[PDB]
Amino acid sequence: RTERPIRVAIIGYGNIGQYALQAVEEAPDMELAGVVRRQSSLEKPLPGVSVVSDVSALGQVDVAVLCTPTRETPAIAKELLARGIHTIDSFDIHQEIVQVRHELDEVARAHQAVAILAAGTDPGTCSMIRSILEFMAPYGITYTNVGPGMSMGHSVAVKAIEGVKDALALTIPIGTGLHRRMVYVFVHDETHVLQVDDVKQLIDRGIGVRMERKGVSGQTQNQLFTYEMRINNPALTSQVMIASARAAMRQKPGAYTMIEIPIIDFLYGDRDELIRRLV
């Protein structure tokens, strides 16, 4: 009677990939097919899950959830799409998304494959809230203020300068989309530096997001919208990618961002009862 599980492979067991594993197991319409790592990591000590070096080893795989680093992700995805497998990623470079969508689109439409890209937290569901604020109040300004919380790239940036080993760099929101940078031990915003004993003692993967728009609806001024969340960032991103995996099965070949897909397509459940429950 009921439907067969969606078979998911996770590509790149890193910070996002561990959380993705939890979200796959918990998805009641999804089963883990296996984890794909570089060959160098297969040699490492293992943390019952088929951990292999290529999707071919994992049997049937409808969707591969890409948890690899940004730079390598487009190339990886184009390869997996060319094999008929759908791909999900949370590609987080805003300005290259338009180009990557087109690049992923071409491969997917040929191999009857769906690719959903930039399906994470701010490249992701924050984009969906932004887009909805946009059409409810077309005149005005939106500010996305990332509450105190790490900036992976920024600390990884500072990790590449000569000095006392290890560093933590943070973007701190100072309002109206502007941020201050605080580094614990790249020049156009105010920076503060502190030396610490153990940078590892300061690390926490939660983050705050405050997004606001003040705008006019139709012709009426002073429409106020505020969206706020305090969350574990990698858990939310992996969960958003797993919901996108469900949605990728319900699309036509091609490549989509999350504002190009019906919100109901991300939800597990019977359409009518989702409507009855949510709308």
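Start at 1 and count along the sequence shown; that's the residue number.
Unmodelled stretch separating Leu170 from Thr171: none (count of deposited-sequence residues without coordinates). Of the two segments, 65-73 and 38-46, the one listed with the higher mean B-factor is 38-46 (C-alpha atoms only). Of the two segments, 237-245 and 52-60, the one listed with the higher mean B-factor is 52-60 (C-alpha atoms only). Of the candidates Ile207, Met136, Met128, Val156, the deposited coordinates give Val156 the top C-alpha B factor. Taking the PDB entry at face value, the top CA B factor among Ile141, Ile116, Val196, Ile132 belongs to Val196. Annotation for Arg181: C-alpha temperature factor in the highest third relative to the rest of the modelled chain, per the entry.
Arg7 sits in the middle third of its chain by CA B factor, as recorded in the PDB entry. Looking at the C-alpha B-factors along this chain, the one for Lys200 belongs to the highest third. Sorting the modelled residues of the chain by their CA temperature factor places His102 in the middle third.
When the modelled residues of the chain are ordered by their C-alpha B factor, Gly120 lands in the lowest third.
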